[PDB]
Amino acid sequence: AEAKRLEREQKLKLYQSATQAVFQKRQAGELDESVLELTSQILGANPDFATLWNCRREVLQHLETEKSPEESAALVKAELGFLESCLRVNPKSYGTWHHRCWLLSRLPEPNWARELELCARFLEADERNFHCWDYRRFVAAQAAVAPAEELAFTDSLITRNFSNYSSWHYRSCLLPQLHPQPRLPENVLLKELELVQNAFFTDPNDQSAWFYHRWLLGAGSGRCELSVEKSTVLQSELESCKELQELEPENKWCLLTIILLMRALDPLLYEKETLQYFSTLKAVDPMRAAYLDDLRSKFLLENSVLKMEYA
């Protein structure tokens, strides 16, 4: 209690005087390595102290003009090591990741393959770290990594284990790049439905697969001008969700998806079942009752419009 309290009272005093020393040096125009030494002591524990990353950049910029090519190259390699040590302690500081981008963007050539590996490493520790996904997309664009390669990266990930939303999200951005347009092509869409269907049957919990599947359901052109193959796949998915409903009667995702598939197949033909499923779903997911009533109201109006289109 006391020794732990006294310890951070000592930390502060040193953090405070180092911070005072930096500000004093900066006002005085002393953009030198000691600065770098002082800020490393502060930024280590407190990487969200944004002004200090600005101080490091001013120093590095100044020293660029004053030091030789290879003294400058040494300074950048030291900075990379400092940044990685900082990321290990707090892998979610905006300032730390940005300083790394600023640094690498200045270099004329940087080693991008090494940076993609750093990303792979931090993503195996936290597969949901969005800072790291954002940095990976930065590196990919800088290195001109093709969408297909990044698509292969996502495949491996979604396979290794769950946890998962970040990787499906990335797929959602990559796929339209591979199949570009001023919707996904059906052959692509069918392959994606198979992949996602695998996922949520392998782990019915696995809420990221269900979200991505809802998107795929709407990304088809542009039906019911359903092909025999897509009609058959969707009908197959419908029966598989019903089977899952039996195995997992507390699973709300499968119930909602049953409703969405029927809508995708033939809203009027499945009107009776759709309404039945709404009641069941509301009982299993009462927190979503208001959303579900609004969705049902929307679908009932859609149906009136279809019926009135008679003809």
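So that there is no doubt, residue numbering starts at 1 and follows the sequence shown. In this text, rigid core is short for the largest set of C-alphas that superpose within 1.5 Å between two forms.
After a rigid core fit, does 107 to 115 or 94 to 102 show more C-alpha displacement in 9 other deposited structures of this protein? Comparing 94 to 102 with 107 to 115, the one that moves more in 9 other deposited structures of this protein is 107 to 115.
Across the other PDB entries of this protein that model residues on both sides of residue 309, is it left without coordinates in at least a third of them? Modelled in all the others, so no.
Coordinates absent for residue 1 in a third or more of other entries: Residue 1: unmodelled in a third or more of the comparison entries.
Deposited but uncoordinated residues in the residue 182/residue 183 interval: The entry leaves 4 to 9 residues without coordinates here.
Given the B-factors recorded for C-alpha atoms, which segment has the greater mean, 210 to 218 or 162 to 170? Averaged over C-alpha atoms, the B-factors run higher in 162 to 170.
Using only the Cα atoms and their B-factors as the entry lists them, report which of 151 to 159 and 236 to 244 averages higher. It is 151 to 159 that shows the higher mean C-alpha B-factor.
With respect to the C-alpha temperature factors reported in the PDB entry, which of 196, 116, 224, 189 ranks highest? Within the set 196, 116, 224, 189, 224 shows the top C-alpha B-factor.
Highest Cα temperature factor in the entry, among the options 266, 273, 285, 70: which one is it? Comparing C-alpha B-factors across 266, 273, 285, 70, the top value belongs to 70.
Taking only the Cα B-factors deposited for this chain, tell me whether residue 41 sits in the lowest, middle or highest third. It belongs to the highest third of the chain when residues are ordered by C-alpha B-factor.
Among the modelled residues of its chain, does the C-alpha B-factor of residue 293 lie in the lowest, middle or highest third? Bottom third by C-alpha B-factor.
Compared with the other modelled residues in the chain, in which third is the CA B-factor of residue 255? Lowest third.
Among all modelled residues of this chain, ranked by Cα B factor, put residue 31 in the bottom, middle or top third, i.e. lowest, middle or highest. Highest third - that is where residue 31 ends up once the chain's C-alpha B-factors are sorted.
Third of the chain's Cα B-factor distribution that residue 52 belongs to, per the entry: It falls in the middle third of the chain.
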